[PDB]
Structures are given as structure tokens and as C-alpha cells.
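> This is the content of protein25.cif (mmCIF, C-alpha atoms and all ligand atoms):
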data_structure
loop_
_atom_site.group_PDB
_atom_site.id
_atom_site.type_symbol
_atom_site.label_atom_id
_atom_site.label_comp_id
_atom_site.auth_asym_id
_atom_site.auth_seq_id
_atom_site.Cartn_x
_atom_site.Cartn_y
_atom_site.Cartn_z
ATOM 1 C CA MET A 1 -8.213 -20.078 -29.864
ATOM 2 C CA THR A 2 -6.884 -16.574 -29.311
ATOM 3 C CA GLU A 3 -3.520 -16.012 -27.672
ATOM 4 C CA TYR A 4 -2.522 -13.213 -25.281
ATOM 5 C CA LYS A 5 1.074 -12.319 -24.333
ATOM 6 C CA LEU A 6 1.052 -10.849 -20.849
ATOM 7 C CA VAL A 7 4.046 -9.432 -18.987
ATOM 8 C CA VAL A 8 4.295 -9.100 -15.186
ATOM 9 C CA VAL A 9 6.645 -6.291 -14.035
ATOM 10 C CA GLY A 10 7.519 -4.573 -10.758
ATOM 11 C CA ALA A 11 10.147 -4.311 -8.026
ATOM 12 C CA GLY A 12 11.829 -7.389 -6.614
ATOM 13 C CA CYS A 13 10.012 -9.377 -3.912
ATOM 14 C CA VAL A 14 6.538 -7.870 -4.565
ATOM 15 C CA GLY A 15 5.159 -11.285 -5.598
ATOM 16 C CA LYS A 16 5.284 -11.409 -9.416
ATOM 17 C CA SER A 17 6.318 -15.051 -9.385
ATOM 18 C CA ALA A 18 3.889 -16.053 -6.643
ATOM 19 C CA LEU A 19 1.025 -14.441 -8.606
ATOM 20 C CA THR A 20 2.015 -16.123 -11.872
ATOM 21 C CA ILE A 21 2.433 -19.511 -10.180
ATOM 22 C CA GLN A 22 -1.006 -19.187 -8.555
ATOM 23 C CA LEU A 23 -2.582 -18.523 -11.932
ATOM 24 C CA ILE A 24 -0.685 -21.355 -13.662
ATOM 25 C CA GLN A 25 -0.389 -23.982 -10.900
ATOM 26 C CA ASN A 26 -3.108 -23.052 -8.361
ATOM 27 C CA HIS A 27 -0.818 -23.061 -5.317
ATOM 28 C CA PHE A 28 1.301 -20.647 -3.273
ATOM 29 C CA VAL A 29 4.998 -21.275 -3.859
ATOM 30 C CA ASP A 30 6.469 -19.199 -1.032
ATOM 31 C CA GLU A 31 10.224 -19.542 -1.710
ATOM 32 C CA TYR A 32 10.605 -19.223 -5.479
ATOM 33 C CA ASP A 33 13.949 -18.355 -7.024
ATOM 34 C CA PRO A 34 14.105 -14.529 -7.337
ATOM 35 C CA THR A 35 16.253 -14.662 -10.513
ATOM 36 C CA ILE A 36 14.177 -16.949 -12.769
ATOM 37 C CA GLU A 37 12.700 -14.897 -15.623
ATOM 38 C CA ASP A 38 10.545 -17.138 -17.769
ATOM 39 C CA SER A 39 7.288 -17.415 -19.673
ATOM 40 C CA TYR A 40 4.431 -19.716 -18.633
ATOM 41 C CA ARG A 41 1.491 -20.818 -20.754
ATOM 42 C CA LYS A 42 -1.974 -21.838 -19.665
ATOM 43 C CA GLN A 43 -5.215 -22.365 -21.527
ATOM 44 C CA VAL A 44 -8.105 -20.775 -19.647
ATOM 45 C CA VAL A 45 -11.654 -19.763 -20.493
ATOM 46 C CA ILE A 46 -12.400 -16.094 -19.880
ATOM 47 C CA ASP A 47 -15.972 -14.840 -20.299
ATOM 48 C CA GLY A 48 -16.675 -18.050 -22.216
ATOM 49 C CA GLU A 49 -13.844 -17.441 -24.687
ATOM 50 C CA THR A 50 -10.953 -19.929 -24.717
ATOM 51 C CA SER A 51 -7.628 -18.121 -24.527
ATOM 52 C CA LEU A 52 -4.018 -19.247 -24.320
ATOM 53 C CA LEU A 53 -2.177 -16.995 -21.831
ATOM 54 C CA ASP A 54 1.573 -16.595 -22.496
ATOM 55 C CA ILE A 55 2.814 -14.849 -19.326
ATOM 56 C CA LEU A 56 6.355 -13.544 -18.876
ATOM 57 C CA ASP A 57 7.388 -13.361 -15.207
ATOM 58 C CA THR A 58 10.156 -10.731 -15.233
ATOM 59 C CA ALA A 59 13.049 -10.549 -12.795
ATOM 60 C CA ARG A 60 14.310 -9.740 -21.913
ATOM 61 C CA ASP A 61 13.570 -6.975 -24.338
ATOM 62 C CA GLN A 62 12.088 -9.522 -26.727
ATOM 63 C CA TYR A 63 8.956 -9.805 -24.584
ATOM 64 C CA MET A 64 8.518 -6.087 -23.987
ATOM 65 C CA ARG A 65 8.142 -5.702 -27.746
ATOM 66 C CA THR A 66 5.752 -8.629 -28.109
ATOM 67 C CA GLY A 67 3.838 -8.180 -24.832
ATOM 68 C CA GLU A 68 0.190 -7.219 -25.399
ATOM 69 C CA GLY A 69 -0.687 -6.293 -21.825
ATOM 70 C CA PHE A 70 1.295 -5.537 -18.654
ATOM 71 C CA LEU A 71 0.660 -6.190 -14.972
ATOM 72 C CA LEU A 72 2.261 -3.415 -12.900
ATOM 73 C CA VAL A 73 2.828 -5.098 -9.498
ATOM 74 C CA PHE A 74 3.741 -3.491 -6.157
ATOM 75 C CA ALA A 75 3.276 -4.817 -2.588
ATOM 76 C CA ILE A 76 0.968 -2.957 -0.246
ATOM 77 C CA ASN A 77 3.598 -3.222 2.514
ATOM 78 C CA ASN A 78 6.407 -1.909 0.304
ATOM 79 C CA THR A 79 6.307 1.836 -0.295
ATOM 80 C CA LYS A 80 9.376 1.779 -2.537
ATOM 81 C CA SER A 81 7.727 -0.820 -4.831
ATOM 82 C CA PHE A 82 4.768 1.544 -5.274
ATOM 83 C CA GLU A 83 7.066 4.537 -5.922
ATOM 84 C CA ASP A 84 8.798 2.429 -8.618
ATOM 85 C CA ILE A 85 5.554 1.789 -10.578
ATOM 86 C CA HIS A 86 5.908 4.982 -12.594
ATOM 87 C CA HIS A 87 9.303 3.815 -13.841
ATOM 88 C CA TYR A 88 7.951 0.511 -15.112
ATOM 89 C CA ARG A 89 5.020 2.145 -16.874
ATOM 90 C CA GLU A 90 7.298 4.706 -18.538
ATOM 91 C CA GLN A 91 9.679 1.985 -19.725
ATOM 92 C CA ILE A 92 6.772 0.118 -21.339
ATOM 93 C CA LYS A 93 5.533 3.286 -23.063
ATOM 94 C CA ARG A 94 9.036 3.859 -24.394
ATOM 95 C CA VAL A 95 9.414 0.378 -25.885
ATOM 96 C CA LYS A 96 5.859 0.419 -27.268
ATOM 97 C CA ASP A 97 6.226 4.017 -28.555
ATOM 98 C CA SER A 98 2.637 4.487 -27.384
ATOM 99 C CA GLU A 99 0.464 6.007 -24.663
ATOM 100 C CA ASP A 100 -2.303 3.385 -25.174
ATOM 101 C CA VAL A 101 -0.950 0.052 -23.897
ATOM 102 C CA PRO A 102 -3.234 -2.325 -21.941
ATOM 103 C CA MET A 103 -2.088 -2.385 -18.307
ATOM 104 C CA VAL A 104 -3.431 -3.211 -14.843
ATOM 105 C CA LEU A 105 -2.121 -1.910 -11.492
ATOM 106 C CA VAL A 106 -1.795 -4.757 -8.911
ATOM 107 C CA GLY A 107 -1.318 -4.237 -5.177
ATOM 108 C CA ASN A 108 -0.227 -7.603 -3.842
ATOM 109 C CA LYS A 109 0.131 -9.084 -0.317
ATOM 110 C CA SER A 110 -3.323 -7.856 0.714
ATOM 111 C CA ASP A 111 -3.342 -10.526 3.449
ATOM 112 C CA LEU A 112 -0.710 -8.705 5.460
ATOM 113 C CA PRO A 113 -1.517 -6.222 8.251
ATOM 114 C CA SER A 114 1.692 -4.196 7.723
ATOM 115 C CA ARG A 115 0.207 -2.025 4.937
ATOM 116 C CA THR A 116 2.020 1.213 4.081
ATOM 117 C CA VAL A 117 0.404 1.951 0.687
ATOM 118 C CA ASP A 118 -3.190 3.083 1.017
ATOM 119 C CA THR A 119 -5.869 1.684 -1.246
ATOM 120 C CA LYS A 120 -6.784 5.296 -1.997
ATOM 121 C CA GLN A 121 -3.186 6.057 -3.081
ATOM 122 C CA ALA A 122 -3.239 3.179 -5.551
ATOM 123 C CA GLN A 123 -6.717 4.031 -6.855
ATOM 124 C CA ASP A 124 -5.541 7.624 -7.349
ATOM 125 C CA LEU A 125 -2.550 6.418 -9.350
ATOM 126 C CA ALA A 126 -4.564 3.987 -11.471
ATOM 127 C CA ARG A 127 -7.114 6.723 -12.181
ATOM 128 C CA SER A 128 -4.296 9.033 -13.333
ATOM 129 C CA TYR A 129 -3.071 6.269 -15.679
ATOM 130 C CA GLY A 130 -6.580 5.324 -16.818
ATOM 131 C CA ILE A 131 -6.087 1.645 -15.898
ATOM 132 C CA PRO A 132 -7.790 -0.836 -13.547
ATOM 133 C CA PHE A 133 -6.434 -1.400 -10.051
ATOM 134 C CA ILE A 134 -6.784 -4.837 -8.435
ATOM 135 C CA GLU A 135 -5.728 -5.831 -4.906
ATOM 136 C CA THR A 136 -4.347 -9.370 -4.662
ATOM 137 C CA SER A 137 -2.950 -11.945 -2.323
ATOM 138 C CA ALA A 138 -0.922 -14.641 -4.018
ATOM 139 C CA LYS A 139 -0.953 -16.323 -0.605
ATOM 140 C CA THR A 140 -4.728 -16.676 -0.251
ATOM 141 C CA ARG A 141 -5.353 -16.446 -4.074
ATOM 142 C CA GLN A 142 -7.657 -13.477 -3.449
ATOM 143 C CA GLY A 143 -7.953 -11.387 -6.627
ATOM 144 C CA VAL A 144 -5.444 -13.436 -8.606
ATOM 145 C CA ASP A 145 -7.834 -14.520 -11.371
ATOM 146 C CA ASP A 146 -9.354 -11.051 -11.349
ATOM 147 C CA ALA A 147 -5.982 -9.381 -11.979
ATOM 148 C CA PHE A 148 -5.022 -11.539 -14.955
ATOM 149 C CA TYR A 149 -8.501 -11.815 -16.420
ATOM 150 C CA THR A 150 -8.990 -8.047 -16.087
ATOM 151 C CA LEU A 151 -5.806 -7.550 -18.094
ATOM 152 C CA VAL A 152 -7.059 -9.903 -20.825
ATOM 153 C CA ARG A 153 -10.306 -7.942 -20.925
ATOM 154 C CA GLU A 154 -8.282 -4.730 -21.390
ATOM 155 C CA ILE A 155 -6.401 -6.270 -24.334
ATOM 156 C CA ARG A 156 -9.714 -7.396 -25.817
ATOM 157 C CA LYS A 157 -11.126 -3.880 -25.390
ATOM 158 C CA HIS A 158 -7.955 -2.456 -26.932
ATOM 159 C CA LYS A 159 -8.202 -4.636 -30.046
ATOM 160 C CA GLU A 160 -11.910 -3.874 -30.566
HETATM 161 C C1 LIG A 201 12.298 -10.007 -0.732
HETATM 162 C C2 LIG A 201 12.298 -10.176 0.831
HETATM 163 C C3 LIG A 201 11.568 -11.414 1.317
HETATM 164 O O1 LIG A 201 10.419 -11.505 1.169
HETATM 165 N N1 LIG A 201 12.307 -12.448 2.041
HETATM 166 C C4 LIG A 201 11.739 -13.759 2.569
HETATM 167 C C5 LIG A 201 12.299 -14.278 3.824
HETATM 168 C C6 LIG A 201 12.078 -15.735 3.786
HETATM 169 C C7 LIG A 201 11.144 -16.224 2.637
HETATM 170 N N2 LIG A 201 9.929 -15.346 2.362
HETATM 171 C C8 LIG A 201 9.398 -15.474 0.977
HETATM 172 O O2 LIG A 201 9.734 -16.385 0.293
HETATM 173 O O3 LIG A 201 8.515 -14.451 0.492
HETATM 174 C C9 LIG A 201 8.124 -14.512 -0.983
HETATM 175 C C10 LIG A 201 6.911 -14.836 -1.080
HETATM 176 O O4 LIG A 201 6.459 -15.853 -0.136
HETATM 177 C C11 LIG A 201 6.101 -13.490 -0.582
HETATM 178 N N3 LIG A 201 4.829 -13.307 -1.152
HETATM 179 C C12 LIG A 201 4.543 -13.206 -2.447
HETATM 180 N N4 LIG A 201 3.250 -12.943 -2.579
HETATM 181 C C13 LIG A 201 2.699 -12.850 -1.332
HETATM 182 C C14 LIG A 201 1.323 -12.528 -0.825
HETATM 183 O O5 LIG A 201 0.394 -12.304 -1.555
HETATM 184 N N5 LIG A 201 1.106 -12.504 0.583
HETATM 185 C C15 LIG A 201 2.192 -12.746 1.487
HETATM 186 N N6 LIG A 201 1.917 -12.716 2.882
HETATM 187 N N7 LIG A 201 3.499 -13.018 1.005
HETATM 188 C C16 LIG A 201 3.718 -13.060 -0.451
HETATM 189 O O6 LIG A 201 6.841 -12.468 -0.949
HETATM 190 C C17 LIG A 201 8.200 -12.975 -1.415
HETATM 191 C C18 LIG A 201 8.471 -12.696 -2.767
HETATM 192 O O7 LIG A 201 7.638 -13.441 -3.621
HETATM 193 P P1 LIG A 201 8.110 -13.573 -5.161
HETATM 194 O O8 LIG A 201 9.406 -14.306 -5.451
HETATM 195 O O9 LIG A 201 6.892 -14.093 -5.932
HETATM 196 O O10 LIG A 201 8.348 -12.017 -5.653
HETATM 197 P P2 LIG A 201 8.998 -11.502 -7.006
HETATM 198 O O11 LIG A 201 10.480 -11.176 -6.715
HETATM 199 O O12 LIG A 201 8.212 -10.272 -7.362
HETATM 200 O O13 LIG A 201 8.849 -12.641 -7.993
HETATM 201 C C19 LIG A 201 10.214 -13.907 2.645
HETATM 202 MG MG MG A 202 10.072 -13.536 -9.302
#
What's the C-alpha cells form of this structure?
Ligand SMILES: *CCC(=O)N[C@H]1CCCN(C(=O)O[C@H]2[C@@H](O)[C@H](n3cnc4c(=O)[nH]c(N)nc43)O[C@@H]2COP(=O)(O)OP(=O)(O)O)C1
Ligand SMILES: [Mg+2]


Amino acid sequence: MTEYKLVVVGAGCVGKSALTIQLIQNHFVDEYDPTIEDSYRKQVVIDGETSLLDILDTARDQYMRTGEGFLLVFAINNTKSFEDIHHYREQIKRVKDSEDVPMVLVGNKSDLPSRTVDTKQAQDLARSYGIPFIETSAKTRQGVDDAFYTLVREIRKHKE
């Protein structure tokens, strides 16, 4: 089976861990330790192809070198976390020495009403980067599979 090393990055408290845990364990862990940086593995079938996902939940430079695709996560109720996205993307470009790195922009906490980052803002940013944008809720699981599977599809497109 093919293996994909994915890396989840973004400001603190945006939901990187909650998203990863939903993908791996299929439940919403609300109070997860904010300091645990670790990799999780799960065998899934994506578009009929069996894949082993090796996902690093960031909170280290060994996985930025080996990571094949990156989830850029902000929270839709956290303007600063969206402003920080550019920093994370630039840091990945620097380590990869490349402008063509599979990435997906993720706007998490879509269940909340207290939104300060417009969907149009995020779509504008993703368009500028040339990457997909997916809105998620780790709480309700909305969009969680879509975010990670979309990233795998971008790595597959990249390799082909
Ligand atoms: C950082 C400030 C903060 O959120 N403080 C606390 C007060 C008490 C506990 N509570 C909490 O644990 O929030 C977690 C988590 O439940 C929440 N979260 C994550 N994803 C979602 C989502 O999709 N919808 C909603 N309504 N809440 C979500 O946010 C924090 C942080 O989650 P995390 O540890 O996964 O974030 P990481 O630092 O990026 O890993 C709020
Ligand atoms: Mg975390």
C-alpha cells in the first residue's frame, strides 16, 4: 500500500489535534493537551486506493523535511490564526526549497456562530496560493475526511 506523510500546522488552539483525532479515532476530544506533538498512523481507503496516513500533529524539523503534504489550519473565529497562515506556508516553502508543495487551507470551528474570518477571505487566500480550501468542524466532524482526503489527492496529483 502507498504511504503519505501529512503534517498539520497552524496557530495554537485552532483545532489541529481535534481534527487529527477525529480522523484517527472518530470522536471529538475537546480537552487535548496543547503541547503534545506526535505522529498518528491510520490505514484508510481513498478513492478505492488503500493508503497509510502518517500524520504529524504539530504544537520537529525532521517531519517538515519528510512531510509530503501540509494542512494549513486556522479557526474561523480567530482572526490572528488566519493572519498567521502566511507564516506557516512560507516556513514550509523554505524547508522544502520549493514553490510546489501539496497543501490545503483549513478553516476549522465552522459550527461556531462567532465567525470573524469570512469564507470569501479564505477562498481569496487559497486562490492566491493555488490550493484547496476546506471548512471543517472537528466538533461535528463536518469536512474532516474531506480536508485530509483532499490533501492526499493533492499529493497524488503532485506525484503524477
Ligand atoms: C485555546 C483557548 C481555548 O480554546 N480554551 C478552552 C477553554 C476550556 C476548554 N476548551 C477546549 O478544550 O477547546 C479545544 C477544543 O475543544 C476546541 N475545538 C477544536 N476544534 C473545534 C471545532 O471544530 N468546533 C468547536 N466548537 N471547538 C473546537 O478548540 C480548542 C483547541 O483544540 P485543539 O487542542 O485541537 O487545538 P490545537 O492547539 O490546534 O491542537 C476551550
Ligand atoms: Mg494540538

> Using only C-alpha atoms for the distances, tell me which of A:100, A:38, A:54, A:31 is nearest to residue A:2.

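Result for the nearest residue to residue A:2: A:54.
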
> Can you spell out as a list in words the set of residues that the PyMOL selection byres (((chain A and resi 68-71) around 8) and not hetatm) selects in the structure I just provided?

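Selection result, ordered by chain and number: residues 4, 5, 6, 7, 8, 9, 66, 67, 72, 73, 101, 102, 103, 104, 105, 106, 147, 148, 151, 152, 154 and 155 of chain A.
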
> Counting only C-alpha atoms and all ligand atoms, what residues are within 10 Å of ligand LIG 201 (chain A), given as number ranges by chain?

A: 8-22, 28-37, 57-59, 73-77, 81, 107-114, 135-144

> From the options A:131, A:117, A:1, A:45, which residue's atoms come nearest to residue A:83, counting only C-alpha atoms?

A:117

> Check the smallest atom-to-atom distance from each of A:24, A:56, A:46, A:134 to ligand MG 202 (chain A) using only C-alpha atoms and all ligand atoms, then report the winner.

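Distance minimum relative to ligand MG 202 (chain A) lands on A:56.
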
> Just give me the gap between atom CA of residue A:41 and atom CA of residue A:26 in Å, one decimal is fine.

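Taking atom CA of residue A:41 and atom CA of residue A:26, their separation equals 13.4 Å.
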
> Suppose you want the space between atom CA of residue A:156 and atom CA of residue A:124; what is it in Å?

24.2 Å

> Rounded to one decimal, what separation in Å do you get between atom CA of residue A:87 and atom CA of residue A:55?

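Value for the atom CA of residue A:87-atom CA of residue A:55 distance: 20.5 Å.
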
> Between A:78, A:119, A:91, A:39, which residue has the minimum interatomic distance to ligand MG 202 (chain A), considering only C-alpha atoms and all ligand atoms?

A:39

> Put a box with edges along x, y and z around all the listed atoms of stretch 24-30 of chain A, pad it by 5 Å on each side, then give me its centre and sizes in Å, one decimal, as AutoDock Vina command-line options.


--center_x 1.7 --center_y -21.6 --center_z -7.3 --size_x 19.6 --size_y 14.8 --size_z 22.6

> Please determine, counting all atoms listed in the file, which residue among A:79, A:3, A:89, A:65 has the shortest atom-to-atom distance to residue A:42.

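With all atoms listed in the file as the atom set, the closest residue is A:3.
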